[PDB]
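Participant: Before I ask anything, here is the structure I am working with.
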Ligand SMILES: O=C(O)c1cc(C(=O)O)c2c(n1)C(=O)C(=O)c1cc(C(=O)O)[nH]c1-2
Ligand SMILES: [Cl-]
Ligand SMILES: [Zn+2]
Ligand SMILES: [Zn+2]
Ligand SMILES: [Zn+2]
Ligand SMILES: [Zn+2]
Ligand SMILES: [Zn+2]
Ligand SMILES: [Zn+2]
Ligand SMILES: [Zn+2]
């Protein structure tokens, strides 16, 4: 019944023009993570009840209920993709990919799936074995698939999911365990043909090669773009970020003093060709697995950064003070530093630290980052007391935007990392080749944190804290609410004006996935993916007083009583 009248998904849908739907990971191309739906608000959220839920596949459950005209399209782990009736929770269809033995995959991160994408009459995803796959939206049956190469034993995969722009399926990659770097590809949405492929590691003698400290090309590992892809329709620019290089220690990399051009860089590209329009490196010389690959939002804001605002690193030399600009803005890296650029040109406006961090010594008025020499891993076996951690700070769990108050709302972890490079020689399988102990940041007794930052001034308007890590995306809504899960297993709503908790329910496991909102027949639903991820096992032991069990992977859907 729900799938019967399926109407093709357009750019207008993906631009978030219909608030009854959530047809893309962050609700719109621009990455807002916002639902304009306002039925559920501060005055009635206390009445929210569980309407329906459904078991999801085991593993790291970081997915998102992609909602479209009464149907939920849901990427589970293990390349299981489902369509579910958004009103009843009844399964409509299920695709289950035939997988080689899990042991054959050197990159287990490809098993988790933050999103599927929609366009036309198809559901698009990247499989664990690194195929761009198109399913029929109406049936879940495979329409086409294209092998990108180097999957499985060779470890190239994807965890965040693609987006489709102008008939082009755009998808990044993780090559976390590989002795090489990876890429972002653009694939024709109809034919399945690969149209372009952007890589990051400079080839010998090419632009930026001289910033790799003389490291042989074949020793340059793991540079990818595994985070979330965003897009601005008006500028026609696709935005993504690349990551660092492994192992973490530049001494073990053989890249001493190397700023590593291509790594941790924010790219703005044309969707049909991958042509780079502008780029900015937000974390050079990375020794801290900083991964500047997370979603960056496109918003229109007045530009008036306060140089005295807490954490403000610098203000751009040519900042158009008092003027309204379309900006690319947010926290791109685990470090927790918020950035703001002109979205069209890439001109640097400002940057501001959130959590305690000590990897960045300074950022000048052009946006040039200078790293902290004290934190470069120069002596293997020596403990370096890095802030934040290889899980942040921030990590993949996405921020949300509140257009009414111009607030950027970001989930964060108050953690630091006593990190040491191993004394043994690094192989690709060793990843960062470090051993670490995670601790609370100095003077912090609350691990979980959400900052709400005014995008005009860079001032933090409020900060919500809780004992255990959140490590879960936020949803912002027109009802003036912020929804967020945590490893404490609470799925909570915060007052968007104050950051104070106004409602919560406790789910059976750590609330580990995305929260989305949609409506059917005038009724607003709030859907959260839960069960657990790397967050609980990593942050849980720091606050053992909190019951942060993982389990009962599932989608859980709430609404006001009828
Ligand atoms: O370098 C990479 O290719 C890559 C990929 C992934 C992934 O795809 O999930 C993570 C990381 N790195 C990473 O460093 C880490 O912070 C991390 C946490 C998570 C998670 O699911 O909670 N994924 C990843
Ligand atoms: Cl529609
Ligand atoms: Zn539509
Ligand atoms: Zn990584
Ligand atoms: Zn725009
Ligand atoms: Zn720049
Ligand atoms: Zn816009
Ligand atoms: Zn101020
Ligand atoms: Zn509560």
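Residue numbers (this note's numbering): 5 to 566.
For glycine and all other residues, C-beta sits at the position ideal for the given N, C-alpha and C.
Just to confirm, are residue 129 and residue 152 a CB contact at a threshold of 8 Å?
Facilitator: What you label residue 129 is simply residue 125 of the chain shown in a count that begins at 1. What you label residue 152 is simply residue 148 of the chain shown in a count that begins at 1. Not a contact, by the Cβ cut-off of 8 Å.
Participant: Given the structure, does residue 285 come close to ligand 4, in the sense that its CB is under 7 Å from one of the ligand's heavy atoms?
Facilitator: Within the chain shown, residue 285 is the residue found at index 281, counting from 1. No, Cβ of residue 285 sits at least 7 Å from all heavy atoms of ligand 4.
Participant: Checking the sheet assignment: what are the DSSP bridge partners for residue 205?
Facilitator: Within the chain shown, numbered from 1, the residue matching residue 205 stands at position 201. Looking at the DSSP assignment, residue 205 forms no beta bridge with any residue, so it has no partner.
Participant: Run the Cβ filter for me: residues under 6 Å from any heavy atom of ligand 9, listed in the order they occur in the chain.
Facilitator: 494, 496, 505 and 508
Participant: Is residue 302 close to ligand 7? I mean its beta-carbon at under 7 Å from any heavy atom of the ligand.
Facilitator: Taking the chain shown and counting its residues from 1, one reaches residue 302 at position 298. Yes; taking the cut-off as 7 Å, the Cβ of residue 302 has a heavy atom of ligand 7 nearer than that.
Participant: Could you check the C-alpha separation between residue 649 and residue 476 for me, to the nearest Å?
Facilitator: For the chain, the structure presents residues 5 to 566; residue 649 sits outside this window and is missing.
Participant: Quick check: what's the CA-CA separation for residue 640 versus residue 230?
Facilitator: Nothing can be reported for residue 640: it is not among the residues displayed for the chain, which extend from 5 to 566.
Participant: Is residue 22 near ligand 3, with its Cβ less than 7 Å from a heavy atom?
Facilitator: Position 18 of the chain shown, counted from the start, is the residue given in the question as residue 22. Checking every heavy atom of ligand 3 against the Cβ of residue 22, one is found closer than 7 Å.
Participant: Within the continuous beta strand (DSSP E) that includes residue 75, where are the two ends?
Facilitator: Taking the chain shown and counting its residues from 1, the one referred to as residue 75 is at position 71. Residue 75 -> beta strand (DSSP E) spans 75-79.
Participant: The beta strand (DSSP E) spanning residue 415 covers which residue range?
Facilitator: Position 411 of the chain shown, counting from 1, holds the residue named residue 415. From DSSP, the beta strand (DSSP E) with residue 415 extends over 411-417.
Participant: Can you tell me the Cα-Cα spacing of residue 294 and residue 419, whole angstroms?
Facilitator: Translated into the one-based positions of the chain shown, residue 294 becomes position 290. Translated into the one-based positions of the chain shown, residue 419 becomes position 415. Roughly 14 Å between the two C-alpha positions.
Participant: Identify the continuous beta strand (DSSP E) that holds residue 539 and give its terminal residues.
Facilitator: Taking the first residue of the chain shown as position 1, residue 539 is located at position 535. Following the DSSP letters along the chain, one finds residue 539 in no beta strand (DSSP E) but inside the alpha helix (DSSP H) bounded by residues 539-543.
Participant: Span of the beta strand (DSSP E) holding residue 149?
Facilitator: Within the chain shown, residue 149 is the residue found at index 145, counting from 1. Its beta strand (DSSP E) spans residues 146-151.
Participant: Do the segment 430-440 and the segment 396-410 touch if we need at least three Cβ pairs shorter than 8 Å?
Facilitator: no
Participant: Starting from residue 507, follow its DSSP beta bridges and name the residues at the other end.
Facilitator: Locating residue 507 in the chain shown gives position 503, counting from the first residue. Beta-bridge pairing links residue 507 to 497.
Participant: Could you please give the first and the last residue of the uninterrupted beta strand (DSSP E) stretch that includes residue 130?
Facilitator: In the chain shown, the residue the question calls residue 130 occupies position 126. Run containing residue 130: 126-130, per the beta strand (DSSP E) assignment.
Participant: How many Å lie between residue 161 and residue 131 at the Cα?
Facilitator: Position 157 of the chain shown, counting from 1, holds the residue named residue 161. Position 127 of the chain shown, counting from 1, holds the residue named residue 131. In a straight line, the C-alpha of residue 161 is about 7 Å away from that of residue 131.
Participant: Hey, would you say the C-beta of residue 238 is under 7 Å away from at least one heavy atom of ligand 5?
Facilitator: Start at 1 with the first residue of the chain shown, and residue 238 comes out as number 234. Yes, ligand 5 has a heavy atom inside 7 Å of this Cβ.
Participant: With DSSP as the reference, please indicate the residues paired to residue 318 in a beta bridge.
Facilitator: The residue you call residue 318 lines up with position 314 of the chain shown. 355.
Participant: I need the straight-line Cα distance from residue 240 to residue 273, nearest angstrom please.
Facilitator: As a position in the chain shown, residue 240 is number 236, starting the count at 1. As a position in the chain shown, residue 273 is number 269, starting the count at 1. Each residue's Cα considered, the two are about 8 Å apart.
Participant: Give the DSSP-derived three-state secondary structure of residue 389 in the structure shown.
Facilitator: Working through the chain shown from its first residue, we reach residue 389 at position 385. DSSP places residue 389 in strand when its eight states are reduced to three.
Participant: Taking contact to mean at least 3 C-beta pairs separated by less than 8 Å, is the segment 547-554 in contact with the segment 87-100?
Facilitator: Counting Cβ pairs under 8 Å, fewer than three are found: no touch.
Participant: Going by DSSP, what residue range makes up the beta strand (DSSP E) through residue 98?
Facilitator: By one-based count along the chain shown, residue 98 stands at place 94. Unbroken beta strand (DSSP E) run through residue 98: 95-100.
Participant: Compare the beta carbon distance of residue 69 and residue 514 with 8 Å and say whether it is the shorter of the two.
Facilitator: Here residue 69 corresponds to residue number 65 of the chain shown, with the count starting at 1. Here residue 514 corresponds to residue number 510 of the chain shown, with the count starting at 1. Taking 8 Å as the Cβ cut-off, residue 69 and residue 514 do not qualify as a contacting pair.
Participant: Could you round the C-beta distance between residue 564 and residue 48 to whole angstroms and report it? I think they count as a contact, below 8 Å.
Facilitator: As a working note, residue 564 is residue 560 in the chain shown. As a working note, residue 48 is residue 44 in the chain shown. Correct: roughly 6 Å between the Cβ atoms.
Participant: Beta carbon of residue 28, beta carbon of residue 205: below 8 Å?
Facilitator: For the purposes of this step, residue 28 is identified with residue 24 of the chain shown, where counting begins at 1. For the purposes of this step, residue 205 is identified with residue 201 of the chain shown, where counting begins at 1. No; because the gap between Cβ atoms is not below 8 Å, this pair is not in contact.
Participant: Hey, quick one: how far does the alpha helix (DSSP H) through residue 15 stretch, first residue to last?
Facilitator: Position 11 of the chain shown holds residue 15. Residue 15 -> alpha helix (DSSP H) spans 15-18.
Participant: Provide the residue span of the alpha helix (DSSP H) that contains residue 281, from first to last.
Facilitator: Here residue 281 refers to the residue found at position 277 of the chain shown. No alpha helix (DSSP H) contains residue 281, which is instead part of the beta strand (DSSP E) from 280-285.
Participant: What's the C-alpha gap between residue 536 and residue 302?
Facilitator: Locating residue 536 in the chain shown gives position 532, counting from the first residue. Locating residue 302 in the chain shown gives position 298, counting from the first residue. Distance between the alpha carbons of residue 536 and residue 302: 30 Å.
Participant: With a threshold of 16 other CB atoms inside 10 Å of the CB of residue 111, please say whether the residue is buried or exposed.
Facilitator: For this step, residue 111 is matched to residue 107 along the chain shown. A residue is called buried when at least 16 other Cβ atoms come within 10 angstroms of its Cβ; residue 111 meets this threshold and is buried.
Participant: Beta-carbon within less than 7 Å of residue 4's beta-carbon, same chain only, minus the 5 sequence neighbours each way: which residues are those?
Facilitator: The displayed coordinates of the chain run from 5 to 566. Any statement about residue 4 would go beyond what the structure contains.
Participant: Kindly indicate which residue of 299, 409 and 323 has the alpha-carbon position closest to the one of residue 309.
Facilitator: By 1-based counting over the chain shown, the position of residue 309 is 305. Here the closest residue by C-alpha is 323.
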